[PDB]
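Q: First the structure, then my questions, so here it is.
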Amino acid sequence: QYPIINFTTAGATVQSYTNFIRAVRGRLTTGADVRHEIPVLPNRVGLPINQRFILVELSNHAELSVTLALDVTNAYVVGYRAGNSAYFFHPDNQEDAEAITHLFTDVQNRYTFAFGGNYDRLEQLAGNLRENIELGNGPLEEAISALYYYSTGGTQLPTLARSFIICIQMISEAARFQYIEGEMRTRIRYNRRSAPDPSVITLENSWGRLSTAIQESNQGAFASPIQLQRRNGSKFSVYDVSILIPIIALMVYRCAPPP
C-alpha cells in the first residue's frame with residue numbers, strides 16, 4: 001500500500017528527472033507543515049506505520065529494476081529490493097527495526113546488513129569519499145545494475161557501497177535540495193559524469209543543522225550563522241532563511257513551529 005514512484009535512467013532527460021524528483025517530494029510531504037515557504041517532512045512521533053515509507057522503483061537501459069525504500073520522516077534510503085531478495089541497513093533503534101518489517105513483506109529472502117547506511121560507513125566500505133565518486137545518469141545506470149546483481153555475488157561490497165552513495169545523492173539529496181537537483185539536471189543535460197563539488201557536499205552535511213536553524217529562527221533570523229562552501233570551496237555564511245528558499249526544498253522535523 002506504500003506509494004511507488006518510477007524512474008528510469010534509460011533515455012533519461014532533464015524533464016523526466018525533474019518529473020521524478022517532483023513526484024518524490026509530493027509523496028514525502030503533505031501540505032501540513034510549511035515554514036518560511038519551506039516544507040517540513042512528517043514528524044516521526046505518532047506517525048502511523050501505513051504512512052511511514054515510499055518506494056522508488058529504479059529501472060535502467062540494461063532492463064533491470066531495483067526498488068529503494070525511503071523513510072518519509074527524513075527521505076533516508078533504508079533498504080532495497082532486487083527480485084527475490086531485500087536488504088536493509090542496520091537500524092538505529094528498536095522502533096526502526098520494527099518499521100522495516102512492514103517493507104517488502106512478500107520477498108523470499110530478507111537480510112539486514114550489520115552496518116548502518118550513513119555516508120561515513122558507506123565511504124569506508126566503498127574505499128572512496130563522496131568527493132571522489134562520480135554522479136550522473138551513467139553512474140546511476142551502473143548503480144542500478146550493481147544493486148541488482150549483489151545477491152548472486154556479481155557485486156563486491158565496495159561497489160555496492162559506492163552504488164548506494166550514488167543513489168542516495170541523486171534521489172534523497174536531490175529531493176531535499178533544489179540546488180542538488182539542479183546539479184543533477186545539469187549532469188543529465190550534457191551526459192557528463194562528475195563527482196560532487198564542495199557546495200553539494202557541505203549542503204548534504206548541513207541538512208540537519210540548516211533544518212534546525214530555520215525552525216528555531218527568530219522570524220527567519222539565525223541565532224548562529226552556518227558556514228557553507230561555494231563550488232570553488234570558498235566560505236559562504238548563512239544568517240537567514242531567505243537565502244535558503246531557492247536552495248532547500250524539504251526540511252527534517254526538528255521542533256514545533258512557534259505561534
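Naming works like this for the C-alpha cells: A, B, ... for the chains as they're shown, residue 1 at the start of each chain, ligands 1 onward in shown order.
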Please return, as a PyMOL selection string, all residues of segment 109-167 of chain A that DSSP assigns to strand (DSSP E) on the basis of the backbone.
A: chain A and resi 109-112
Q: Residues as selected, C-alpha atoms, written as a PDB file, in the first residue's frame, can you do that?
A:
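Saved as part-v4.pdb:
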ATOM      1  CA  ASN A 109      14.921 -13.565   1.287  1.00  0.00           C
ATOM      2  CA  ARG A 110      15.250 -10.837   3.954  1.00  0.00           C
ATOM      3  CA  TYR A 111      18.646  -9.532   5.052  1.00  0.00           C
ATOM      4  CA  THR A 112      19.697  -6.832   7.462  1.00  0.00           C
TER       5      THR A 112
END
Q: Using only C-alpha atoms, which residues sit within 8 Å of residue 223 of chain A once same-chain residues fewer than 2 positions away are excluded, as number ranges by chain?
A: A: 213, 217-218, 221, 225, 239
Q: List as a PyMOL selection string the protein and nucleic acid residues near residue 233 of chain A, meaning an atom at most 12 Å away when only C-alpha atoms are counted, but skip any in the same chain fewer than 4 places from it.
A: chain A and resi 131+196-202+227-229
Q: From the list A:123, A:37, A:63, A:106, which residue is nearest residue 250 of chain A when using only C-alpha atoms?
A: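 Comparing A:123, A:37, A:63, A:106 against residue 250 of chain A, the winner is A:37.
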Q: Which is closer to residue 146 of chain A than all the others in A:65, A:9, A:15, A:124, using only C-alpha atoms?
A: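 Closest to residue 146 of chain A, using only C-alpha atoms: A:65.
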Q: Give me the residues near residue 128 of chain A as a list in words, where near means some atom within 12 Å (using only C-alpha atoms) and where sequence neighbours in that chain fewer than 5 positions away do not count.
A: residues 119, 120, 121, 122, 123, 133, 134, 158, 159, 161, 162, 163, 165, 166 and 195 of chain A
Q: Write the residues of the preceding selection, restricted to N, CA, C and O atoms, as a JSON list (two decimals), in the first residue's frame.
A:
[["chain", "number", "residue", "atom", "x", "y", "z"],
["A", 119, "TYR", "N", 26.68, 8.00, 5.31],
["A", 119, "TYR", "CA", 27.80, 8.23, 4.37],
["A", 119, "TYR", "C", 29.14, 7.76, 4.93],
["A", 119, "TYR", "O", 29.88, 7.09, 4.21],
["A", 120, "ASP", "N", 29.43, 8.09, 6.19],
["A", 120, "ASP", "CA", 30.69, 7.69, 6.85],
["A", 120, "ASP", "C", 30.98, 6.20, 6.68],
["A", 120, "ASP", "O", 32.05, 5.83, 6.20],
["A", 121, "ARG", "N", 30.00, 5.37, 7.03],
["A", 121, "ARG", "CA", 30.11, 3.92, 6.91],
["A", 121, "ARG", "C", 30.20, 3.45, 5.46],
["A", 121, "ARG", "O", 31.00, 2.57, 5.13],
["A", 122, "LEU", "N", 29.39, 4.05, 4.59],
["A", 122, "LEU", "CA", 29.37, 3.66, 3.18],
["A", 122, "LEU", "C", 30.66, 4.03, 2.45],
["A", 122, "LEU", "O", 31.13, 3.26, 1.62],
["A", 123, "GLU", "N", 31.23, 5.19, 2.79],
["A", 123, "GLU", "CA", 32.51, 5.65, 2.25],
["A", 123, "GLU", "C", 33.66, 4.75, 2.68],
["A", 123, "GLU", "O", 34.55, 4.46, 1.87],
["A", 133, "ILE", "N", 33.51, 10.19, -5.92],
["A", 133, "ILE", "CA", 32.55, 9.28, -6.55],
["A", 133, "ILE", "C", 31.71, 10.06, -7.56],
["A", 133, "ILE", "O", 30.99, 10.99, -7.20],
["A", 134, "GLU", "N", 31.83, 9.68, -8.83],
["A", 134, "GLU", "CA", 31.15, 10.40, -9.91],
["A", 134, "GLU", "C", 29.64, 10.17, -9.88],
["A", 134, "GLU", "O", 29.18, 9.07, -9.58],
["A", 158, "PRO", "N", 32.55, -3.04, -1.83],
["A", 158, "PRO", "CA", 32.89, -1.65, -2.16],
["A", 158, "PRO", "C", 32.05, -1.05, -3.29],
["A", 158, "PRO", "O", 31.66, 0.12, -3.21],
["A", 159, "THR", "N", 31.76, -1.85, -4.32],
["A", 159, "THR", "CA", 30.93, -1.43, -5.45],
["A", 159, "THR", "C", 29.47, -1.21, -5.03],
["A", 159, "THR", "O", 28.85, -0.23, -5.46],
["A", 161, "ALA", "N", 28.50, -0.36, -1.94],
["A", 161, "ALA", "CA", 28.55, 0.86, -1.12],
["A", 161, "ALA", "C", 28.60, 2.12, -1.98],
["A", 161, "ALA", "O", 27.85, 3.07, -1.73],
["A", 162, "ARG", "N", 29.48, 2.11, -3.00],
["A", 162, "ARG", "CA", 29.61, 3.19, -3.99],
["A", 162, "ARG", "C", 28.26, 3.44, -4.65],
["A", 162, "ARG", "O", 27.84, 4.60, -4.82],
["A", 163, "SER", "N", 27.59, 2.36, -5.03],
["A", 163, "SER", "CA", 26.30, 2.40, -5.71],
["A", 163, "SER", "C", 25.20, 2.98, -4.83],
["A", 163, "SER", "O", 24.35, 3.74, -5.32],
["A", 165, "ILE", "N", 25.82, 5.20, -2.41],
["A", 165, "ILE", "CA", 26.23, 6.60, -2.34],
["A", 165, "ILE", "C", 25.70, 7.37, -3.56],
["A", 165, "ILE", "O", 25.21, 8.49, -3.40],
["A", 166, "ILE", "N", 25.76, 6.76, -4.74],
["A", 166, "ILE", "CA", 25.21, 7.36, -5.96],
["A", 166, "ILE", "C", 23.69, 7.56, -5.84],
["A", 166, "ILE", "O", 23.19, 8.67, -6.03],
["A", 195, "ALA", "N", 32.10, 14.02, -9.99],
["A", 195, "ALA", "CA", 31.97, 13.98, -8.54],
["A", 195, "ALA", "C", 31.36, 15.29, -8.03],
["A", 195, "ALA", "O", 31.52, 16.34, -8.66]]
Q: Applying 10 Å and only C-alpha atoms, which residues near segment 69-80 of chain A remain after dropping the ones on its own chain fewer than 6 positions away? List them as a VMD selection string.
A: chain A and resid 2 4 24 to 25 27 to 29 40 to 45 47 51 to 57 86 to 91 96 99 to 100 103 to 104 111 to 113 116 to 118 147 to 148 164 167 to 168 171 to 173 175 to 176 208 250 to 253
